[PDB]
Amino acid sequence: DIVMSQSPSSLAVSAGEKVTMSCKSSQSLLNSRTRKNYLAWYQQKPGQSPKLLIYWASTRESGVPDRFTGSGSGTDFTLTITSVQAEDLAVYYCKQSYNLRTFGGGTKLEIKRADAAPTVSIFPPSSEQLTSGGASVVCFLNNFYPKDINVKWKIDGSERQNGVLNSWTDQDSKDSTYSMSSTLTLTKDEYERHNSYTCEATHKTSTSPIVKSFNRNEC
Amino acid sequence: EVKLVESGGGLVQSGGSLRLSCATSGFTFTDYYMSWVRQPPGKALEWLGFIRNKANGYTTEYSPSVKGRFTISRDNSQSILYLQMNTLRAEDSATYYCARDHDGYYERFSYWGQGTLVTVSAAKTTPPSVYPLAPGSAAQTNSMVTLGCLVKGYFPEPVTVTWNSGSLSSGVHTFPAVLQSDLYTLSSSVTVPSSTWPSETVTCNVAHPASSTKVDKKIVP
Ligand SMILES: C=CCO[C@]1(C(=O)O)C[C@@H](O)[C@@H](O)[C@@H]([C@@H](O)CO)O1
């Protein structure tokens, strides 16, 4: 029963700005015998294993840049990132080793950046999938900011809402953009009744949709 | 290289047992405490337990969440760490990492492994269908063409997707799997110079370790 908790849950900071985040302990982490605060901070970039950044509250793991600064004592700790980089996109965790080990809930750091329009691309069903009796139309909406984006699917000039799967990537560690995948799944017989297939993306970057289309009799 | 490498993950049924292993090399194993940490998808890190070093007689300590159900052991002949997990339930579906822990003064986790994913489900192993995504009919005038692979209808997670066996690393977006009616589906795009495709061949390599599936799908016009 040492409860670890972090603040905030998430935030977004532009590159070159300062980040500060907090970590609480339900009981002091100061060892009276060794006089260290047994509190570590870890960085888990998207898709990766956690990496140690700081230990004993304020000692930098070697290799770790001087723009990461751990501070605090007792029950209250702070990680500060100065001149934040695009690659600092990660979830940050504090961890006590004063009595066994316990992780806090984590702080998710978004990077704020300038609005970008998506590159939209549409893909007809492959012949190998059709031969099985189904048909997936895929639409990629790549390298856009902010994450908020709408996708409408249109068959023969008409909207279709059933059978859509969407998936957003985690933010990009280098250019801070998002990407998204939209997949429409029909049967082959459903697919072969209609001619026009349209992926329509509305993003805040323009007042007209980005529209990618293909015609099935052109296949 | 100090290296740590977990194995033994895969699908298991509610109530079942499963043992995980963690291969170590590149450091003096007996000198180190060794920990298991878990992470449900999209969730927080959770410490499970450790086994102490030789100086501390290889004693174990467990978190209350697993104490009585999980067992940690080590093989000092071969520098291998183990996690026995019994009476598994849905909550235990997670990535399990082994971490190189304490050495007597030093208080940190400097080395973790890549993780092994455990899925606790009544659902059946189902391999993916891999479908190429070649453009239909547009001007490819961009200087940049985007291609794809669709990895559809598999269980359990994970899959791995590379392009040209890792040679194409830049401009790849692999999109997190989405669960719809007990099967996963994901996709991955690659953006190469239109100069380079179709004239240079582009292949997605896909694996689904749960079914020992290995696919090399060439993207053909
Ligand atoms: C003489 C062994 C005591 O060290 C430990 C422990 O083994 O419980 C491990 C340390 O990482 C640390 O958690 C410590 C605590 O007593 C507080 O330092 O206990």
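In what follows, chains carry the letters A, B, and so on, assigned in the order in which the sequence lines appear, proteins first and then strands, with residues in each chain numbered from 1. Atom set for the values below is all heavy atoms of this structure, side chains included, hydrogens, waters and symmetry mates excluded.
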**Prompt:** Does a side-chain N-to-carboxylate-O contact under 4.0 Å join A:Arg101 and B:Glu107?
**Reply:**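 The answer is yes: the pair qualifies as a salt bridge.
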Can you say whether [X] sits under 4.5 Å from chain A via the side chain, the backbone, both, or neither, judging by heavy atoms?
X: B:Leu186; value: neither
X: B:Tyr111; value: neither
X: B:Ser110; value: both

Using a heavy-atom distance cut-off of less than 4.5 Å, which residues of [range] contact chain B?
range: residues 27-41 of chain A; answer: A:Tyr38
range: residues 54-64 of chain A; answer: A:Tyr55, A:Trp56, A:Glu61
range: residues 209-219 of chain A; answer: A:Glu218

Around atom [atom1] of [X], are there more than 12 heavy atoms from other residues, nucleotides or ligands closer than 6.0 Å?
X: A:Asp148; atom1: CG; answer: no
X: A:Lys108; atom1: NZ; answer: no
X: A:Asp115; atom1: CG; answer: yes
X: A:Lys51; atom1: NZ; answer: yes

**Message:** With chain A as the partner, which of B:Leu150, B:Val37, B:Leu45, B:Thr185 has the greatest number of non-hydrogen pairs under 4.5 Å?
**Reply:**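 If we count pairs closer than 4.5 Å to chain A, B:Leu45 comes out on top.
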**Top contributor to chain A interface from B:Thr191, B:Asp101, B:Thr174 [non-hydrogen pairs under 4.5 Å]** =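 Highest number of heavy-atom pairs under 4.5 Å: B:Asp101.
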Compare every heavy atom of [Y] with every heavy atom of [X], then report the nearest pair and how far apart it is.
X: B:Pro132; Y: A:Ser126; answer: O-CB, 3.8 Å
X: B:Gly113; Y: A:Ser49; answer: O-OG, 2.6 Å
X: A:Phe140; Y: B:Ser188; answer: CZ-O, 3.9 Å
X: A:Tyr93; Y: B:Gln39; answer: OH-NE2, 3.4 Å
X: B:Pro135; Y: A:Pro124; answer: C-CD, 4.5 Å
X: A:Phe123; Y: B:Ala134; answer: CD2-O, 3.4 Å

**Request:** Evaluate the side chain to side chain contact (heavy atoms under 4.5 Å, CB included) criterion for residues A:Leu52 and B:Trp112: first the C-alpha distance (whole Å), next the side-chain angles of each, then the deciding distance (0.1 Å), finally the verdict.
**Result:** CA-CA 9 Å; A:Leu52 182 83; B:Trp112 296 45; 5.8 Å; no
**Message:** Could you check whether any side-chain heavy atom of B:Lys152 comes within less than 4.5 Å of a side-chain heavy atom of A:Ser136, counting everything from C-beta outward?
**Reply:**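 Answer yes - side chains close enough.
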**Item:** Non-neighbouring partners of B:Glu46 that pass salt bridge (charged side-chain N to carboxylate O under 4.0 Å, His left out), sequence neighbours left out
**Value:**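 Salt bridge (charged side-chain N to carboxylate O under 4.0 Å, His left out) check on B:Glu46 returns B:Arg38.
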Where does [X] contact chain B at under 4.5 Å (heavy atoms): side chain, backbone, both or neither?
X: A:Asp1; answer: neither
X: A:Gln48; answer: backbone
X: A:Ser167; answer: both

**Message:** So, taking the atom named OG1 in A:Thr119 and the one named CG in B:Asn142, what distance separates them when rounded to the nearest 0.5 Å?
**Reply:**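 So the OG1 of A:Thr119 and the CG of B:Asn142 are separated by 8.5 Å.
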**Prompt:** When rounded to the nearest 0.5 angstrom, what is the spacing between OG in A:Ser97 and OH in B:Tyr33?
**Reply:**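 Reported to 0.5 Å precision, the distance equals 10.5 Å.
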**Asked** Top residue by heavy-atom pair count (under 4.5 Å) with chain B, among A:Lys174, A:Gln129, A:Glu128?
**Response**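 The option with the most such pairs is A:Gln129.
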**Prompt:** When only pairs under 4.5 Å are counted, which of A:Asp170, A:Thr102, A:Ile122, A:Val138 shares the most heavy-atom pairs with chain B?
**Reply:**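 The answer is A:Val138.
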**Request:** Give the ring-plane orientation class for B:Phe109 versus A:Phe103, where under 30° counts as parallel, over 60° as perpendicular and anything between as tilted.
**Result:**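 Taking A:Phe103 first and then B:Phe109, their aromatic rings stand perpendicular (interplane angle over 60°).
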**Item:** The single option from A:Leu165, A:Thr183, A:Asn166 passing side-chain contact (heavy atoms from CB on, under 4.5 Å) against B:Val178
**Value:**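 Answer to the side-chain contact (heavy atoms from CB on, under 4.5 Å) test with B:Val178 among A:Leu165, A:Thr183, A:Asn166: A:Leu165.
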**Request:** Answer with yes or no whether the side chains of A:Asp172 and B:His173 bring together a donor and an acceptor at under 3.5 Å.
**Result:**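 Short answer, no.
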